[PDB]
Amino acid sequence: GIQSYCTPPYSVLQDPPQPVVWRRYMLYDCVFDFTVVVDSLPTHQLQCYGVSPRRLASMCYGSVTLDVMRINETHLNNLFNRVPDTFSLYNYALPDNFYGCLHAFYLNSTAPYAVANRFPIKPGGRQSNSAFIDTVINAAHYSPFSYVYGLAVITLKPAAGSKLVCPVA
Ligand SMILES: *[C@@H]1O[C@H](CO)[C@@H](O[C@@H]2O[C@H](CO)[C@@H](O)[C@H](O)[C@H]2NC(C)=O)[C@H](O)[C@H]1NC(C)=O
C-alpha cells in the first residue's frame, strides 16, 4: 500500500553523540531520503561492504539501521581496518558479517571526546551502566580533546517481500 516517510535524524547529524552513548535509528516499512545521510554530508570517508556506494541509495531494502556518533582518526582507521582498540572494545562495534556502509564526514570540531576504555561490550552492543557512562563523559573533560569526525553506520537488510525501505527521487 501507501507507505509513510521515515524522518531523517538531522539533529543528531549536526551534533553526533559521544561514542560511549552512540544513537540508533531504525527504518522499516517506509520511504527514506538517503541523501541526508550520504550525499548532503561533507564526506571524509565512505566505505561499503556488500554493496557499492554508487548503488547504495538507489535501491530498496528489507530494513535500514542508522548508528550515529563521533570518532577520531585513529579509531576511524582501526574501524576500517578491523583492528581492535578502545573504541571497538568498549563503545561501538560492528556486527558479524556487516552488510552496509561506514560514512565518516567532517565536523570541523576538536572537542571533548568521551571514549570508554574499560568494561568490554559485545558486537552491536553498548555501555548500559549509567553511572559508568557518567564517569566516561566526565573524564572526557580532563583528558586531551580530539579532532573529530561524524560517523553514520548504515546497516542494510536485503529486500524480502513487501514492506521495504525505499529511497526518494
Ligand atoms: C583518538 O582518541 C584516543 C583516546 O580516546 C587517543 O588514544 C591515545 O593514543 C595514544 C597514541 O597516539 C596512546 O598512547 C594513548 O594511550 C591513547 N589513549 C587512550 C585513552 O586510548 C588517540 O591518540 C586519538 N587520536 C587522535 C588522532 O587524536
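We count from 1, first residue shown onward.
Per the header of the entry, the method used was X-ray crystallography, 2.1 Å.
Including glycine, each Cβ sits where the backbone N, Cα and C put it.
Listed in the PDB entry for this protein:
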SEQADV    1-3  expression tag
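Database features, via Swiss-Prot:
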DOMAIN    4-168  domain 'BetaCoV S1-CTD'
DISULFID  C6-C30  disulfide bond
DISULFID  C48-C101  disulfide bond
DISULFID  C60-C166  disulfide bond
CARBOHYD  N72  N-linked glycosylation site
CARBOHYD  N108  N-linked glycosylation site
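Closest to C60 (disulfide bond) in space, going by CA atoms and restricting to the recorded positions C30, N72, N108, is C30.
The most densely surrounded of the disulfide-bonded residues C6, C30, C48, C166, judged by C-beta neighbours within 10 angstroms, is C6. Here the candidates are the recorded positions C6, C30, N72, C101, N108. The one whose C-alpha lies nearest to that of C166 (disulfide bond) is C30. Here the disulfide-bonded residues are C60, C101, and the one with the most other Cβ atoms within 10 Å of its Cβ is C101. With respect to ligand 1, the recorded positions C48, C60, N72 contribute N72 as residues with a C-beta closer than 6 angstroms to one of its atoms, given in sequence order. When other Cβ atoms within 10 Å of the Cβ of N108 (N-linked glycosylation site) are tallied across all protein chains shown, the result is 8. Broken down with DSSP, the expression tag (1-3) shows 0 helix, 0 strand, 3 coil. With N108 (N-linked glycosylation site) as the anchor, the candidate recorded positions are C30, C48, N72, and the one with the nearest CA is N72. Remark: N72 (N-linked glycosylation site) has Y113, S146, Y147, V148, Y149 as non-local neighbours, by Cβ distance under 8 Å and separation of at least 6 in sequence. DSSP assigns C30 (disulfide bond) to a strand.
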